[PDB]
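Below: the structure, in structure tokens.
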Amino acid sequence: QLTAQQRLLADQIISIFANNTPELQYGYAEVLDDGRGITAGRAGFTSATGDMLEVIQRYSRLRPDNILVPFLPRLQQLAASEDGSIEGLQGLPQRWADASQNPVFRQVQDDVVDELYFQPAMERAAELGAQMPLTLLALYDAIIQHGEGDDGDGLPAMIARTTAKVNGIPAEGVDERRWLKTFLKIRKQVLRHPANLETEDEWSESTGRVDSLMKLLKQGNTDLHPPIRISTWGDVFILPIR
Ligand SMILES: N[C@@H]1[C@@H](O)[C@H](O)[C@@H](CO)O[C@H]1O
């Protein structure tokens, strides 16, 4: 669905949306007061969302004695009830940072990103008949930030509301740039008025990323050809970095 050089490019873009840098932040770990507990890694795995659990479980299977195995029974509890409780979990950000020095841990992160986020976004893009590279990037960024759940703010609901507005999908003859514009605008409205109020501040400050995607659409760079200019937070970046 995406080129190797398009996927490197999309990862560097999405890293700028999330951490203002094109270098993937495997070692990132913060509490953000968004109702999600601790947020970590390249795709922002979360204590509350069952994200951070799948990574550490898989890692513990590859390496049964790692510095993060003691956090595991607390993590199962949070994932169980989607709990944003920062505590139960002291020291974990530092150990997530340290585990990130291991290429194997970083790889588990890649594997979950592909299993939870990239592949499903690509499957959703193919059911849409979507086939501009920019649309794929926007679906992928969106699935990372909003998730693939059943809420009104998840990617499936936004896709459904985009398809309702333009009476159809690109595989059905609706112009794809029109479907994409609508989706980008519906996304910005969800970020600025999320149904889950705990993520309001964290999401309403993130909408510059939707503008950067919108900017590429209006500039006709729907195929993600280089060079790509991203300046989401004020800092300018010419992708791909080399
Ligand atoms: N709000 C986001 C959720 O959207 C996501 O789980 C994560 C990764 O981007 O980080 C947060 O900031």
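Whatever order the structure lists them in is the order used to number ligands and atoms, beginning at 1. Side-chain atoms are counted along with the backbone in the values below, which use heavy atoms only and exclude waters and symmetry mates. The first residue in the sequence is number 1, and the count goes up from there.
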Side chain to side chain, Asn196 and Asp151, heavy atoms closer than 4.5 Å: no
Side-chain contact test, heavy atoms from C-beta onward, threshold under 4.5 Å: evaluate it for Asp201 versus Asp34 and give yes or no. no
Going by the atom numbers of ligand 1, which of them fall below 4.0 Å from some non-hydrogen atom of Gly44? 6 (O), 7 (C), 8 (C)
Note: ligand 1 atoms sitting under 4.0 Å from heavy atoms of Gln145 are 3 (C), 4 (O), 5 (C)
Less than 4.0 Å is my threshold; does some heavy atom of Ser206 fall inside it relative to ligand 1? no
Side chains of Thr199 and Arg36: do they bring a donor and an acceptor to under 3.5 Å? yes
Is there a donor-acceptor contact under 3.5 Å linking the side chains of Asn102 and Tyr26? no
Regarding ligand 1, does [X] bring an N or O atom to under 3.5 Å of one of the ligand's N or O atoms?
{"X": "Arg209", "answer": "no"}
{"X": "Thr39", "answer": "no"}
{"X": "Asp34", "answer": "no"}
{"X": "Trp203", "answer": "yes"}

Atom 12 (O) of ligand 1 sits nearest the protein heavy atom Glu202 OE2, 2.8 Å
Atom 8 (C) of ligand 1: the protein heavy-atom neighbour that sits closest, reported with distance to 0.1 Å: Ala43 O, 3.3 Å
Looking at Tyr117, is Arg42 sitting on its ring face, NZ or CZ under 6.0 Å from the six-membered ring centre and within 45 degrees of the normal? no
Any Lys/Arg nitrogen of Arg106 or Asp110 sitting under 4.0 Å from an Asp/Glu carboxylate oxygen of the other? no
Atom NZ of residue position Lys215 - does it have more than 12 heavy atoms of other residues, nucleotides or ligands inside 6.0 Å? yes
